[PDB]
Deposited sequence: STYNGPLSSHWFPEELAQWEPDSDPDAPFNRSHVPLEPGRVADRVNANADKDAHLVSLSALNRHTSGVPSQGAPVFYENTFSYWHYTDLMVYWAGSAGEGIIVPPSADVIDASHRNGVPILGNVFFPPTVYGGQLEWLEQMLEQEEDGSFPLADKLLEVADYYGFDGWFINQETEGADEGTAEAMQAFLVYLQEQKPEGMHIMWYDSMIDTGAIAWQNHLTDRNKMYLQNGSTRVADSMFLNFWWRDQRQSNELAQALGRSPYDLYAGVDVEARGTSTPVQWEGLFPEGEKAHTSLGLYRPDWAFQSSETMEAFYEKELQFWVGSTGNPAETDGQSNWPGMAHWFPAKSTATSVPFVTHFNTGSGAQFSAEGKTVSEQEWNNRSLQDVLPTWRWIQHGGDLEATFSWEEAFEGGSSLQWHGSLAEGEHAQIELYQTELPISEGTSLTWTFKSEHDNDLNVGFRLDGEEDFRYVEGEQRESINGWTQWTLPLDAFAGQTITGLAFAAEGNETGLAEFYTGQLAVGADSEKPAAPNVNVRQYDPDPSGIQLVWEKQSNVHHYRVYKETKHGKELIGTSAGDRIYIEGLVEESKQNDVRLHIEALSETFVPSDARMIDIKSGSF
């Protein structure tokens, strides 16, 4: 039923002749959210080291084809929220039936970028048993007299146009001779020479020097020529196959090659069993020694795909990325699954003012504006996913639980729920964010919450022990309480952490929903109605995207008030069925100040 723009995918011959200017969908697939530079690490877990990196190969979209460019009316969508333990994201996709070169969709590029995570697209040369064809490989490996590889040029051009950070190269098609192998090496090297600074090409350990498919599970003499060859750099990293018990040898070989052992990502296959995946952790993270290499997670989206509901999906992600403890700071290294927080510092991109979050998880059963439902429809749009709490979860005192709620929202479709038993006079704190926010005059702390039992919600901030204080100026907005705490008295200081605290009352119960937290007015959007060629009877709204803007909201007038029908963090939005009606487009600033609405007939 969906006739809108779709995220792209290609077989090599379609890519060759692909031009953004001629692709009706290309403008919808561009990310307009740059990779946030300079994340800051936390230090709450004593066992976590600073050397090892982590890549995730995640099916952020279950399918390669049929993915709407910019979100969809579906609550249950893969709203991964553990960007903070991730150094590199690989968009897992590609199939013999749909296309083997697949960039990440723009919604996911955006989510990744807000958390300063570089995201790679996938070039998937499938095993013949899965419809793999040598032809496709040979096509990609075509070389001009020039020496250049035209399809490599297309990889770079796609990554440049759509706005992501490189490619994962997965060569599992059998039948390749040694000449093909050398050509692949030339192809990867050509990538290195031509790519923009920062771009990352990650090679899967599969095709060896002979062209045979022969996973090494380590960096060996059989595969090292795909990472580094003497003084020539071939690839930025290698994802090691799963069948290893120890990685010391790869570390040693990497040093002999003059490369960091941490450009090797020891692979762990978690697709089927997630946290029940058996792993020789000592083989990667030895006892008094630093990590032998980095870590590669194949398919953490297990959490999504083995679950039926958003809540079970979110619980499995916590258990997987943080561990059975539910506390990043208190991990059980003796557990079968200690969790990623056991080994990896959490990073935060809350490093710049203004810092704003509405605890938007990226989807919802409903959409709220200033605490009022403005659409009752399921939606996902991971471009609207906020930077979520560094820690999941760190509390002190009370018998409380913290989770995301999709029942209450102030902006978007979720809130942070903090609820349970808190005895009278008892104090509880929840430390949420590692940060690096320079305070200057005019800088305020605001936050917005509901409280079912009337307890007030204090804010907590840590300066370069948390300071817990109550807000200065209170305001009521559709049932929500918004505090503003001026921080002028602290100008010149730097906030390195954000938190909340509450005091129990006679009730003995606490139930908070917090829908905005921030440390820190756009022009009405200039909007044009254009054809979306592939769908007459549909249209697209196109504006000039302002850098002061977090995203755009499209309302349509109804007999029952204004209804939200669209959101975009790009420069356009496709609306179906319009040819067949008054619209209102507002731009919301980074601080979520709404502009005056442009009217469109």
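Extract from the deposited sequence all ranges with no corresponding C-alpha coordinates, numbering residues from 1.
Unmodelled stretches, in sequence order: 1, 466 to 468, 525 to 528, 589 to 594, 616 to 621.
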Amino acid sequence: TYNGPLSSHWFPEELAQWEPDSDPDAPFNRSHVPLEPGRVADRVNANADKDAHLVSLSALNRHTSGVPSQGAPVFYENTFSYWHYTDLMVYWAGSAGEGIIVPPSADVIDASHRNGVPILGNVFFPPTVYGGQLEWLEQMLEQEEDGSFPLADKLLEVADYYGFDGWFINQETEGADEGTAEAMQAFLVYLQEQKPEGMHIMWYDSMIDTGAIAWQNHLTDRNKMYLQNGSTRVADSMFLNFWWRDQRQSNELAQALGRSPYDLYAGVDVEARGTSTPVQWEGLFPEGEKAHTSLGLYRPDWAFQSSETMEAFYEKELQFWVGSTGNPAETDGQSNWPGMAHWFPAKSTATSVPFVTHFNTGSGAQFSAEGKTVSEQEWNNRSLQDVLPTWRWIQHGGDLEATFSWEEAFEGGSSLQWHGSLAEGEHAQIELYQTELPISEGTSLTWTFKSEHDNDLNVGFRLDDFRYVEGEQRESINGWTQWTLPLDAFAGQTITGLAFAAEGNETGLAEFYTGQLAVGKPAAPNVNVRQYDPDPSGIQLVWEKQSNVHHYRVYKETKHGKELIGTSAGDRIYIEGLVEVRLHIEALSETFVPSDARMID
From here on, numbers count along this sequence of modelled residues.
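Residue stretch of maximal mean CA temperature factor, 489 to 497 vs 413 to 421
The stretch with the larger mean CA B-factor is 489 to 497.
Higher average CA B factor in the deposited record is what I'm after, so tell me if that's 73 to 81 or 279 to 287.
The entry gives the higher C-alpha B-factor average to 279 to 287.
Could you say which of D107, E178, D87, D165 has its CA atom at the highest B factor, as listed in the PDB entry?
The C-alpha B-factor peaks, among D107, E178, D87, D165, at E178.
In the PDB entry, which of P354, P300, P127, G296 has its C-alpha at the highest B-factor?
It is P354.
Would you mind ranking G364 by its C-alpha B-factor against the rest of the chain and naming the third, lowest, middle or highest?
Within its chain, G364 is a lowest-third residue by C-alpha B-factor, going by the deposited values.
Entry-reported Cα temperature factor of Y265, expressed as the chain third it lands in:
Ranked within chain, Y265 CA B lands in the lowest tercile.
When the modelled residues of the chain are sorted by Cα temperature factor, does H358 land in the lowest, middle or highest third?
As the PDB entry reports it, the C-alpha B-factor of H358 lands in the middle third of its chain.
Split into thirds by Cα B-factor across the chain's modelled residues, where does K316 land: lowest, middle or highest?
It belongs to the lowest third of the chain when residues are ordered by C-alpha B-factor.
For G230, the third of its chain into which the C-alpha B factor falls
Middle third.
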